[PDB]
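A.B. asks:
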Amino acid sequence: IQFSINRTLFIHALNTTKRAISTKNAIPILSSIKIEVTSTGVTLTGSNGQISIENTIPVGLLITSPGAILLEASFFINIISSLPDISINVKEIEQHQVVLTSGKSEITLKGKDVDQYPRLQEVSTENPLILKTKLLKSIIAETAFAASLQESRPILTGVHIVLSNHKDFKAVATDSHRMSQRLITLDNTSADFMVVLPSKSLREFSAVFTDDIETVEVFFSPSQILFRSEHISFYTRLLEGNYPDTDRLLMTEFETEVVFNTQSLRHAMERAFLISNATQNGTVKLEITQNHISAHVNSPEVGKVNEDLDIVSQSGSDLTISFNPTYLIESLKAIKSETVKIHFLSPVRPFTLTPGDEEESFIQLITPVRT
Amino acid sequence: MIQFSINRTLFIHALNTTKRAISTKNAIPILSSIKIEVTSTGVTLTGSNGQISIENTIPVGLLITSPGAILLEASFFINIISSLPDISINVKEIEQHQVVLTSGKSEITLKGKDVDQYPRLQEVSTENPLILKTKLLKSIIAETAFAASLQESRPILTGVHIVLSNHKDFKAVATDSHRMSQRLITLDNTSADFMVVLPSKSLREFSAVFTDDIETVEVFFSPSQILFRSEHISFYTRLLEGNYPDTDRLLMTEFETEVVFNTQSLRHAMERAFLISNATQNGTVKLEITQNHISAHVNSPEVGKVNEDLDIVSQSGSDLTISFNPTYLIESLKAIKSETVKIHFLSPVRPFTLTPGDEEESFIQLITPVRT
Numbered sequence: 002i003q004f005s006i007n008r009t010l011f012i013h014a015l016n017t018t019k020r021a022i023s024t025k026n027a028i029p030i031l032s033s034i035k036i037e038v039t040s041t042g043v044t045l046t047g048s049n050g051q052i053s054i055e056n057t058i059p060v066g067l068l069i070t071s072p073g074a075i076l077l078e079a080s081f082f083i084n085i086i087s088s089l090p091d092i093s094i095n096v097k098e099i100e101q102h103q104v105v106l107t108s109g110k111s112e113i114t115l116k117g118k119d120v121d122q123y124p125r126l127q128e129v130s131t132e133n134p135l136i137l138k139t140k141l142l143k144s145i146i147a148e149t150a151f152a153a154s155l156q157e158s159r160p161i162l163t164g165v166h167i168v169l170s171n172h173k174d175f176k177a178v179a180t181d182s183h184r185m186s187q188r189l190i191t192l193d194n195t196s197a198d199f200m201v202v203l204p205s206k207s208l209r210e211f212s213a214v215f216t217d218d219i220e221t222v223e224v225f226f227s228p229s230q231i232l233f234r235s236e237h238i239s240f241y242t243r244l245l246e247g248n249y250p251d252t253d254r255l256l257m258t259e260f261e262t263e264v265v266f267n268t269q270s271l272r273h274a275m276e277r278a279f280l281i282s283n284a285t286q287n288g289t290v291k292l293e294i295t296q297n298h299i300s301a302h303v304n305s306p307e308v309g310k311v312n313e314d315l316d317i318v319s320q321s322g323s324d325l326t327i328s329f330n331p332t333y334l335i336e337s338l339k340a341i342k343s344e345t346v347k348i349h350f351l352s353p354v355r356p357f358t359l360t361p362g363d364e365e366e367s368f369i370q371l372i373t374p375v376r377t
Numbered sequence: 001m002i003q004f005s006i007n008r009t010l011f012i013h014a015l016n017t018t019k020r021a022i023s024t025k026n027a028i029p030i031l032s033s034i035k036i037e038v039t040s041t042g043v044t045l046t047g048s049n050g051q052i053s054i055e056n057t058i059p060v066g067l068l069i070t071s072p073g074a075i076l077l078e079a080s081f082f083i084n085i086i087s088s089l090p091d092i093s094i095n096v097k098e099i100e101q102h103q104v105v106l107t108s109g110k111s112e113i114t115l116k117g118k119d120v121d122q123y124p125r126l127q128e129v130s131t132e133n134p135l136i137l138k139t140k141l142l143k144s145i146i147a148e149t150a151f152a153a154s155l156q157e158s159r160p161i162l163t164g165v166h167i168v169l170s171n172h173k174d175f176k177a178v179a180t181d182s183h184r185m186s187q188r189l190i191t192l193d194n195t196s197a198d199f200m201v202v203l204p205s206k207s208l209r210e211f212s213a214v215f216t217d218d219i220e221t222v223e224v225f226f227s228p229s230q231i232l233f234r235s236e237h238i239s240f241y242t243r244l245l246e247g248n249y250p251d252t253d254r255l256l257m258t259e260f261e262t263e264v265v266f267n268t269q270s271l272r273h274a275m276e277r278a279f280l281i282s283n284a285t286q287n288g289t290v291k292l293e294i295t296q297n298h299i300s301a302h303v304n305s306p307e308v309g310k311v312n313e314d315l316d317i318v319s320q321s322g323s324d325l326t327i328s329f330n331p332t333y334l335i336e337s338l339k340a341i342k343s344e345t346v347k348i349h350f351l352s353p354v355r356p357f358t359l360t361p362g363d364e365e366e367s368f369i370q371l372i373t374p375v376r377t
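The listed protein sequences derive, respectively, from chains B and A. Numbering-wise, the first sequence is residues 2 to 60, 66 to 377 according to the deposited numbering. Numbering-wise, the second sequence is residues 1 to 60, 66 to 377 according to the deposited numbering.
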């Protein structure tokens with residue numbers, strides 16, 4: 002290996018790739034980063050067994071001789087970041103050793119051969135799903151958080167994504183207490199699919215694909231999914247199994263509706279949480295009457311909250327309903343609309359939230375606690 | 001019972017300052033609380049963690070209606086206050102040590118405790134104050150605190166030795182018997198002699214508590230603690246008892262070699278040296294000084310090697326090769342504000358000194374090398 006590259010540009014590509022490398026690796030060799038170089042550019046590869054990133058730096067960069075080597079990720083990344091001048095010269099020598107040279111500083115690191123690094127799977131090469139990056143990042147911010155965090159039921163730790171009739175896109179996540187569903191009609195037909203992707207993997211995707219990347223190509227396989235842009239390949243294992251029916255849970259009718267300013271209600275709920283979080287399963291009680299809406303929390307020997315809430319509008323019947331404020335807090339953080347429409351059926355049935363904006367088909371459900 | 005209204009932003013700032021003296025975990029449970037005493041002239045907030053105590057007073066915006074005193078869990082109380090909606094908060098104590106906090110349409114009631122459950126402050130005489138400028142005190146701290154020892158095995162090394170001799174010679178020194186940092190100052194006005202050792206962490210908190218808008222502070226001494234006081238802030242610190250080691254006897258007479266480097270570039274070079282030497286426990290860097298040729302070297306049998314030519318400002322004296330733990334030099338350089346640093350070496354096995362290049366301060370640091 003022999004090539005010279007702009008340091009800054011190199012640190013960015015490396016940081017992105019490092020998102021796929023765990024701090025602790027049960028599989029030793031995976032703590033390393035793969036560096037491959039051919040005549041057209043430098044390709045970095047990191048992995049932790051759940052996700053894999055292949056980032057390509059296209060020839066800021068001039069290559070002298072092709073090659074491949076593995077280096078301890080963090081260690082190497084730290085080193086590169088601390089290099090003197092803007093330019094850096096990478097040159098491999100006998101016994102898989104790399105000689106980095108920048109400014110008046112020269113540092114040699116001992117690597118290992120690529121042969122011992124797991125090879126990537128070949129995900130189906132067919133006409134992928136084309137998705138706009140900001141839409142996918144929007145879907146992720148609205149659903150990933152609703153997925154359960156307990157491995158008790160693995161399937162629920164991911165976001166269920168399904169394409170029907172070659173055009174009806176659905177993304178749903180749930181934890182048996184709250185649910186989030188985003189529906190979208192693609193502008194172009196495409197092959198049907200149905201997968202469950204780890205929430206953690208989706209979060210990384212948003213961190214990896216910067217907003218300068220307009221669209222990504224999506225490819226599917228039974229155990230793995232690939233998100234691909236011009237120079238970045240993001241792989242992730244899928245959660246195998248059957249994701250429960252969720253359409254059945256969609257509340258059709260309601261008895262009460264209240265529209266709130268999203269931000270103001272979130273703050274009131276965060277206020278309630280500070281007190282309710284004092285006990286396990288602590289809840290907030292919402293009292294809805296005509297032109298009077300209040301939140302109440304009572305934590306014996308700790309404190310209590312009594313707060314009157316402002317609303318935009320309301321309809322239907324009066325109602326008193328209790329629930330864990332954290333679910334509502336998180337649901338509101340996911341709603342970018344200035345207002346939020348909340349639909350209730352009764353004190354013991356789930357209530358649903360939709361953006362007052364009506365800019366998208368975004369529905370959330372939260373299950374109340376009976377008192 | 002307590003009753004006052006206060007500006008939310010003002011309250012939060014004062015609370016977060018006091019919270020600096022309140023530990024996350026507490027062996028003595030009651031120390032997790034913040035003590036609030038309301039008097040005719042202001043609201044005084046007190047926090048302590050067994051090492052330091054902070055009494056911060058908000059002077060009478067703030068409107069006080071009735072006097073009182075109460076204890077509330079600090080972190081919890083502050084998060085609540087910070088979460089209130091309106092610009093102003095009304096605080097009203099009711100029966101059974103409870104306070105009703107009202108801000109806008111939000112009413113939050115909290116359960117508290119009687120102040121008699123809180124330990125009393127070990128008072129310190131307010132007579133014959135030593136007056137020091139805040140920026141000067143903060144400068145001394147940032148230059149010596151880091152050199153103290155963390156090892157509890159020997160308490161005294163954990164603090165910074167501060168001594169005033171001949172009523173005018175001020176000395177602040179700290180060491181980990183590996184490296185040392187010393188600051189000498191001559192007072193313009195004579196003041197009573199003193200000699201104490203202050204826990205280094207307690208000094209770092211001083212800098213965080215007294216904001217720069219505060220020109221000076223009054224310093225009072227007692228055998229067990231020292232009190233730093235501004236107009237509205239009283240900061241107490243427990244003192245480390247014992248005989249501090251004779252550190253004057255460590256200053257090096259002459260030097261055989263001297264080199265002047267750009268403070269920052271040398272720090273950057275040493276940081277790279279650390280990235281490799283750190284791989285090997287007790288890892289060290291090797292400095293090779295010869296006529297117009299200075300270079301750093303590190304060789305880790307596993308991860309890699311370091312060969313770096315060091316740019317210099319000026320040199321003089323004999324050639325020399327010396328090895329030392331880089332982290333020590335890195336930290337010494339971080340403490341030097343001047344563009345350049347002057348390094349004086351003796352033998353490969355003798356401590357080498359560092360002093361600011363602009364020579365505006367009598368700031369000397371000593372670093373013990375490693376016998377290669």
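Virtual Cβ for every residue (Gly too), placed ideally from N, Cα, C.
Quick one: is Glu313(B) near chain A, going by C-beta distance under 9 Å?
C.D. replies: Here residue 313(B) refers to the residue found at position 307 when the first sequence is read from its first residue. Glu313(B) counts as touching chain A.
A.B. asks: Within this structure, are the beta carbons of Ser343(A) and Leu315(A) separated by less than 9 Å?
C.D. replies: Position 338 of the second sequence, counted from the start, is the residue given in the question as residue 343(A). Position 310 of the second sequence, counted from the start, is the residue given in the question as residue 315(A). No. Outside cutoff.
A.B. asks: Which residue from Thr41(A), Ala27(A), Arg20(A), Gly47(A) puts its Cα closest to that of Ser33(A)?
C.D. replies: For the purposes of this step, residue 33(A) is taken as the residue at position 33 of the second sequence. Ranking the options by Cα distance to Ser33(A), first place goes to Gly47(A).
A.B. asks: Which class does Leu371(A) belong to by DSSP, given the choice of helix, strand or coil?
C.D. replies: Counted from its first residue, the second sequence places residue 371(A) at position 366. If DSSP states are grouped into helix, strand and coil, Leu371(A) belongs with the strands.
A.B. asks: Please report the distance separating the alpha-carbon of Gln101(A) from that of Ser212(A).
C.D. replies: Position 96 of the second sequence holds residue 101(A). Position 207 of the second sequence holds residue 212(A). The straight-line gap from Cα to Cα measures roughly 38 Å.
A.B. asks: Report yes if the CB atom of residue 65(B) is closer than 9 Å to the CB atom of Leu255(B), and no otherwise.
C.D. replies: For residue 65(B), no position is available: the coordinates of chain B end at 60 and pick up again at 66.
A.B. asks: Is the CB of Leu271(A) under 9 Å away from at least one CB in chain B?
C.D. replies: Within the second sequence, residue 271(A) is the residue found at index 266, counting from 1. It does not: the Cβ of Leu271(A) has no partner Cβ on chain B nearer than 9 Å.
A.B. asks: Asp314(B) bridges to which residues according to DSSP?
C.D. replies: If you number the first sequence from 1, residue 314(B) lands on position 308. According to DSSP, which records beta bridges pairwise, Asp314(B) is partnered with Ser300(B).
A.B. asks: For a contact meaning CB atoms closer than 9 Å, what does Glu112(A) contact in chain B?
C.D. replies: What you label residue 112(A) is simply residue 107 of the second sequence in a count that begins at 1. Simply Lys310, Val311, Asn312, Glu313, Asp314.
A.B. asks: To the nearest angstrom, report how far apart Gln286(A) and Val308(B) are at their CA atoms.
C.D. replies: Your numbering for residue 286(A) matches position 281 in the second sequence. Your numbering for residue 308(B) matches position 302 in the first sequence. So the two alpha carbons sit approximately 49 Å from each other.
A.B. asks: For the structure I just gave you, are there three or more beta carbon pairs, one from the region 277-285 of chain B and one from the region 187-194 of chain B, closer than 8 Å?
C.D. replies: Taking 8 Å as the limit for Cβ pairs, the verdict is that the region 187-194 of chain B does not touch the region 277-285 of chain B.
A.B. asks: Which class does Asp121(B) belong to by DSSP, given the choice of helix, strand or coil?
C.D. replies: Position 115 of the first sequence, counting from 1, holds the residue named residue 121(B). If DSSP states are grouped into helix, strand and coil, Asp121(B) belongs with the helices.
A.B. asks: Can you confirm whether the region 18-38 of chain B touches the region 75-85 of chain B when touching is taken to mean that 3 or more C-beta pairs between the two stretches lie within less than 8 Å?
C.D. replies: A contact exists between the region 75-85 of chain B and the region 18-38 of chain B.
A.B. asks: I'd like the list of long-range same chain contacts for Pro90(A), defined as Cβ closer than 6 Å, with 5 residues on each side in sequence excluded.
C.D. replies: By 1-based counting over the second sequence, the position of residue 90(A) is 85. Answer for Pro90(A): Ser108, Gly109, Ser111, listed in chain order.
A.B. asks: Compare the C-alpha of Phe11(B) against each of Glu313(B), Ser93(B), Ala153(B) and name the closest.
C.D. replies: For the purposes of this step, residue 11(B) is taken as the residue at position 10 of the first sequence. Comparing Cα-Cα distances from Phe11(B) to each of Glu313(B), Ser93(B), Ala153(B), the minimum goes to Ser93(B).
A.B. asks: May I have the straight-line CA-CA distance separating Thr44(B) from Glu259(B), to the nearest angstrom?
C.D. replies: As a first step, residue 44(B) must be located in the first sequence, where it is residue number 43. As a first step, residue 259(B) must be located in the first sequence, where it is residue number 253. Cα-Cα distance, rounded: 54 Å.
A.B. asks: Which residues mark the beginning and the end of the alpha helix (DSSP H) in which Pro134(A) is found?
C.D. replies: Taking the first residue of the second sequence as position 1, residue 134(A) is located at position 129. No alpha helix (DSSP H) contains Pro134(A), which DSSP labels as neither H nor E.
A.B. asks: Is the beta carbon of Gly322(B) less than 9 Å from the beta carbon of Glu263(B)?
C.D. replies: Along the first sequence, read from residue 1 onward, the residue named residue 322(B) stands at position 316. Along the first sequence, read from residue 1 onward, the residue named residue 263(B) stands at position 257. Yes, the pair counts as a contact, with Cβ atoms nearer than the cut-off.
A.B. asks: Could you list which residues in chain B have their beta carbon closer than 8 Å to that of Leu115(A), in chain order?
C.D. replies: Against the second sequence, residue 115(A) aligns to sequence position 110. The answer, in chain order, is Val308, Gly309.
A.B. asks: In terms of DSSP beta bridges, what is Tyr249(B) paired with?
C.D. replies: Translated into the one-based positions of the first sequence, residue 249(B) becomes position 243. Per DSSP, none; premise fails for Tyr249(B).
A.B. asks: What is the residue span of the beta strand (DSSP E) that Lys19(B) lies within?
C.D. replies: For the purposes of this step, residue 19(B) is taken as the residue at position 18 of the first sequence. No beta strand (DSSP E) contains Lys19(B), which is instead part of the alpha helix (DSSP H) from 8-19.
A.B. asks: Which residues in chain B sit within 8 Å of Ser88(A), going by Cβ to Cβ distance?
C.D. replies: Start at 1 with the first residue of the second sequence, and residue 88(A) comes out as number 83. The contacting residues are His273, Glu276, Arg277, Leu280.
A.B. asks: Which residue comes first and which comes last in the beta strand (DSSP E) that contains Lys176(A)?
C.D. replies: For the purposes of this step, residue 176(A) is taken as residue 171 along the second sequence, with counting starting at 1. Here the beta strand (DSSP E) through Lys176(A) covers 174-180.
A.B. asks: Within its chain, find whatever has a CB closer than 6 Å to the CB of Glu336(B); leave out the 5 residues flanking it on each side and keep chain order.
C.D. replies: The residue labelled residue 336(B) in the question sits at position 330 within the first sequence. So the qualifying residues of the chain are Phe151.
A.B. asks: Please list, in chain order, the chain A residues whose beta carbon lies closer than 9 Å to that of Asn84(B).
C.D. replies: Counting from one through the first sequence, the residue named residue 84(B) turns up at place 78. In chain order: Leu280.
A.B. asks: For the region 139-209 of chain B, list the alpha helix (DSSP H) runs that are entirely contained and at least 4 residues long, ordered along the chain.
C.D. replies: For the region 139-209 of chain B, whole alpha helix (DSSP H) runs of length 4 or above, ordered along the chain, are 139-149.
A.B. asks: What are the boundary residues of the alpha helix (DSSP H) that includes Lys291(B)?
C.D. replies: By 1-based counting over the first sequence, the position of residue 291(B) is 285. No alpha helix (DSSP H) holds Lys291(B); the beta strand (DSSP E) holding it covers 290-295.
A.B. asks: Throw me the rounded Cβ distance for the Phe350(A) and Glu261(A) pair, which I believe falls under 8 Å.
C.D. replies: By 1-based counting over the second sequence, the position of residue 350(A) is 345. By 1-based counting over the second sequence, the position of residue 261(A) is 256. About 7 Å separates the two Cβ atoms, so the contact holds.
A.B. asks: Which residues in the same chain as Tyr123(A) place their Cβ atom closer than 8 Å to its Cβ, once the five residues preceding and following it in sequence are excluded?
C.D. replies: Translated into the one-based positions of the second sequence, residue 123(A) becomes position 118. If we look at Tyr123(A) and ignore the five residues flanking it on each side, its Cβ neighbours are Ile30, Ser33, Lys35, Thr46, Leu76.
A.B. asks: Quick one, which of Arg355(B), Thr114(B), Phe226(B) has its alpha-carbon nearest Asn304(A)'s?
C.D. replies: Mapped onto the second sequence, residue 304(A) falls at position 299. Nearest option by C-alpha distance: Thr114(B).
A.B. asks: Can you tell me whether DSSP reads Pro29(A) as helix, strand or coil?
C.D. replies: Along the second sequence, read from residue 1 onward, the residue named residue 29(A) stands at position 29. Three-state DSSP puts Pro29(A) in a helix.
A.B. asks: In the structure shown, what three-state DSSP assignment does residue 380(A) receive?
C.D. replies: Chain A is shown only over 1 to 377; residue 380(A) falls outside these bounds and no answer can be derived.
A.B. asks: What number of angstroms, rounded off, separates the C-alpha of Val129(B) from the C-alpha of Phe225(B)?
C.D. replies: As a first step, residue 129(B) must be located in the first sequence, where it is residue number 123. As a first step, residue 225(B) must be located in the first sequence, where it is residue number 219. Those two C-alpha atoms are separated by around 7 Å.
A.B. asks: With 9 Å as the threshold, decide whether the Cβ of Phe81(A) is near any Cβ in chain B.
C.D. replies: The sequence position of residue 81(A) within the second sequence is 76, counting from 1. Output row for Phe81(A): interface = yes.
A.B. asks: According to the Cβ coordinates, are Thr326(A) and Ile294(A) closer than 9 Å?
C.D. replies: As a working mapping, residue 326(A) is identified with position 321 in the second sequence. As a working mapping, residue 294(A) is identified with position 289 in the second sequence. In contact: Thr326(A) and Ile294(A) (Cβ atoms closer than 9 Å).
A.B. asks: Near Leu208(A), what residues of its chain come up, given a Cβ to Cβ distance below 7 Å and the 5 sequence neighbours on each side ignored?
C.D. replies: By 1-based counting over the second sequence, the position of residue 208(A) is 203. Result list for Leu208(A): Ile146, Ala150, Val165, in chain order.
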